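Trainee: Experimental structure and its sequence below.
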Amino acid sequence: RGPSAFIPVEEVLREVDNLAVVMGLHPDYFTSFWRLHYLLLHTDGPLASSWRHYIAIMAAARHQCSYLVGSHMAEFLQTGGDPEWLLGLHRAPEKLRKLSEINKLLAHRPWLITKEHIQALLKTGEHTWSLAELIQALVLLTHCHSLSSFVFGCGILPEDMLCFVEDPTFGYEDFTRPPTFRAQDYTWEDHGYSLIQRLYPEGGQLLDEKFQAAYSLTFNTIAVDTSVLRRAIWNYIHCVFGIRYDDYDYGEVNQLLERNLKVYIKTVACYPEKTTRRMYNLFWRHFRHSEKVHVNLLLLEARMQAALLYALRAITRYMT
Amino acid sequence: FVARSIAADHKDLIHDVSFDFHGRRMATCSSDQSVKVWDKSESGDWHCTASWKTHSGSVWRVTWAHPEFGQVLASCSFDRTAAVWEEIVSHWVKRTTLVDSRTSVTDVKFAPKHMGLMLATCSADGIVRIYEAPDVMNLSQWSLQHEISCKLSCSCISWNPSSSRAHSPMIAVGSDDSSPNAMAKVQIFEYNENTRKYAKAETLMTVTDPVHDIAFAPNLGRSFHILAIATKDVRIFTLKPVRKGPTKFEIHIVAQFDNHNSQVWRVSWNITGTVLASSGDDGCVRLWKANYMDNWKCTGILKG
Amino acid sequence: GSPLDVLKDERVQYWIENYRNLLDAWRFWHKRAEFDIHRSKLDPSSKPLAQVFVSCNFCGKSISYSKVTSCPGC
Ligand SMILES: [Zn+2]
């Protein structure tokens, strides 16, 4: 009846005004997320505001999230947008109808992004992109995707889409059904930070500050230590997308993760439109309600990092 | 005439000095990755009013913009970037950053006011790019429009300051590479209103030694164009359109002076386009003028 | 330093307005402004003069109280 259809209203009371109250249960992370959102969507920058809200609309409509799409179209109407643009993708100019190919790959199959897509986007012509103008759009798209995943995962109540998307039946296909991404040849901390800082400094600083808030988040009722099962869930979700760590022994994944949680993670990440209440209740039956939110936050961070690393590797291969 | 010294307080060499549109402010950039702005008081003394770190490498050039758009400055650096600064009510803030280059960016130049708010940059890889700001009320939204590609390494660019409606926009770009071969070092590109693209127009074959700076002349009344080049010597050219693709020009030569017996580094015209100033390796500034018989004499030798 | 209850009696205001009109008649215009400052400092009940204001051509809103040059609204 209140904020979330899954978390009971009494729990929320004891522990876009709905997402903000369901995510507020971990204060040290909310501040960082709001800072990044304010930078990405409100502060002046290389792209116009209306274009930014349209990008948000396009990104949120991949996973079919009504909440975000409604909020962002409401915001877009009041910043000076063209009402004609809301009839479909085919009415927008031929500079936003180029991001529509990288959209699918970043949302569904990150491992297929190559340098030819970047070259197609930056090729000389009558409607081109600059590097800053495009590095902002990439981060915006990833942010909207992860937000949609979390919103569906926690089951948030309120208070068309088929016209904003091309190839509506792409979806996700399992990885094993392509070379493996060794997580020591291209690491965020050593490689991606520097590039994203040179091309877009403030965003890089804010993302690095947001990555370190989802690491120092303790688990109250575990029963080894908190640092172990966190590593397990993080490595599992990275391995789903095609990244394998060299130092980690992958056997402990089963010995540390119940088989019920392993399905909730995959459902909420890969196909977030099919998550339901029974799934939410199957795993961790006798545990506190403020941990099934921490799991969602970890998942969101992991998806963001995987997509960003793939895109940055593509850009670096293009520029070398 | 009279020479007065200024205490710059720069920790390394100074690479550029620029005046403003109303003639009472000045900007200096150095290799200590800094930019300084100077003002002139009623007593006629220059004193600094701002200084701030601008890039992470050596800053080569700094240029002003028209006072219709505000107090705006642009810079280029060894770290392959270009920045736009504005003064708000008094410190200077950063508005944009252009990072498409793969090598060092060498020169930056603002377009004449009647085209809008445009910027042109040149690199050491041979690529010249032209940007634009479609909405003057936000100085943080630039968009790439055109991209030329020369065959050699660029060192300097210059716009045509003519304001006539019978002249199409043009830009001249020069090279500086020393090669054992003999290839043309100066090229001119022109805009085509029908095809909406910049196209090659002429090539200055005679120039073969490395170039260091070029500069068009302020038109104000004429039907042809004047160009100045700073190679090993001082050269002045003339381009006159022929009566009516790229327009056809008749290129001639009107002056050549080896009076520096050194290498010429800089050139600068005056506000009316009648006197040319040149600087060389000896350390002296020389002034050139033309009489009614079209002969170019010397007018003065200024020594530091 | 009278209380706000007595300054709202519609007999003190009549006296103040009559004095201001007398000052206007003699063409003592800077003295009247001097009095107005010292009366607005003490008595905050009365509002100052109402006049015109400039409005934006694209909104219709007021430009009274982020380029200094642009409209604060649009
Ligand atoms: Zn307005």
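Mentor: Here it is on my side, so go on. Numbering: from 1, shown residues only, chains lettered A, B, ... in the order given.

Trainee: From now on I want contacts and neighbour counts done on CA atoms only, so please keep to that.
Mentor: Fine.

Trainee: Residue A:34 belongs to a helix?
Mentor: Yes. Assessed by DSSP: H, G, I helix; E, B strand; the rest coil, residue A:34 belongs to a helix.

Trainee: What is the burial count for it?
Mentor: 13 (other Cα atoms under 10 Å in any protein chain shown).

Trainee: Distance-wise, check residue A:24 relative to the ion.
Mentor: For residue A:24, the distance to the ion equals 36 Å [Cα to the ion, to the nearest Å].

Trainee: what helix or strand is the nearest residue to that residue once chain neighbours are set aside on?
Mentor: Using Cα to Cα, 6 or more residues apart in numbering or on different chains and skipping the chain neighbours, the partner closest in space to residue A:24 is residue A:30 (6.0 Å). Under the criterion of DSSP states H and E, residue A:30 resides in helix A:27-41.

Trainee: For residue B:61, what is the enclosing helix or strand?
Mentor: Counting by DSSP H and E, residue B:61 is part of strand B:59-64.

Trainee: Give me the phi and psi angles of the residue of chain B found nearest the ion.
Mentor: Chain B approaches the ion most closely through residue B:137 (12.3 Å), counting by Cα to the ion. The phi/psi pair for residue B:137 (degrees, to the nearest 10) reads phi -80, psi -20.

Trainee: Please list all residues in contact with it.
Mentor: C:67, C:70 (Cα atoms under 8 Å, 6 or more residues apart in numbering or on different chains).

Trainee: wouldn't residue A:314 be in contact with residue A:118 here?
Mentor: Yes. In this structure residue A:314 lies within contact range of residue A:118 using Cα atoms under 8 Å: 7.4 Å.

Trainee: ok so, going back, the residue nearest to residue A:24 reaches residue A:21, doesn't it?
Mentor: No. If you go by Cα under 8 Å, residue A:30 and residue A:21 don't touch, sitting 9.8 Å apart.

Trainee: Around the residue nearest to residue B:264 when sequence neighbours are not counted, how many other residues sit close by?
Mentor: Counting by Cα to Cα, 6+ apart, residue B:264 lies nearest to residue B:280, which is 4.3 Å off, once chain neighbours are set aside. By the criterion of other Cα under 10 Å, residue B:280 has 21 neighbours.

Trainee: Over to the one 4 residues further on?
Mentor: Per other Cα under 10 Å, the neighbour tally for residue B:284 reads 13.

Trainee: which other residues reach stretch B:18-36?
Mentor: B:10-17, B:37-40, B:48-67.

Trainee: do the same with stretch B:285-299
Mentor: Residues outside stretch B:285-299 that contact it (Cα under 8 Å, 6+ apart) are B:254-255, B:274-279, B:300-303.

Trainee: Give the buried residues for it.
Mentor: Neighbour counts over stretch B:285-299 (16 or more other Cα atoms under 10 Å in any protein chain shown) mark B:285-289, B:296 as buried.

Trainee: picking that back up, just the contacts of stretch B:18-36: which are in strands?
Mentor: Per DSSP state E, strands hold the following members of the contacts of stretch B:18-36: B:14-17, B:37-40, B:48-53, B:59-64.

Trainee: Of those, which count as buried by neighbour count?
Mentor: Buried, going by 16+ other Cα under 10 Å: B:14, B:37-38, B:59-64, out of the ones in strands among the contacts of stretch B:18-36.

Trainee: Closest one of these to chain A?
Mentor: Closest approach to chain A among these (Cα to the nearest Cα): residue B:59, at 17.3 Å.

Trainee: so who does the closest one touch?
Mentor: By Cα under 8 Å, 6+ apart, the residues touching residue B:59 are B:15, B:29-34, B:75-78.
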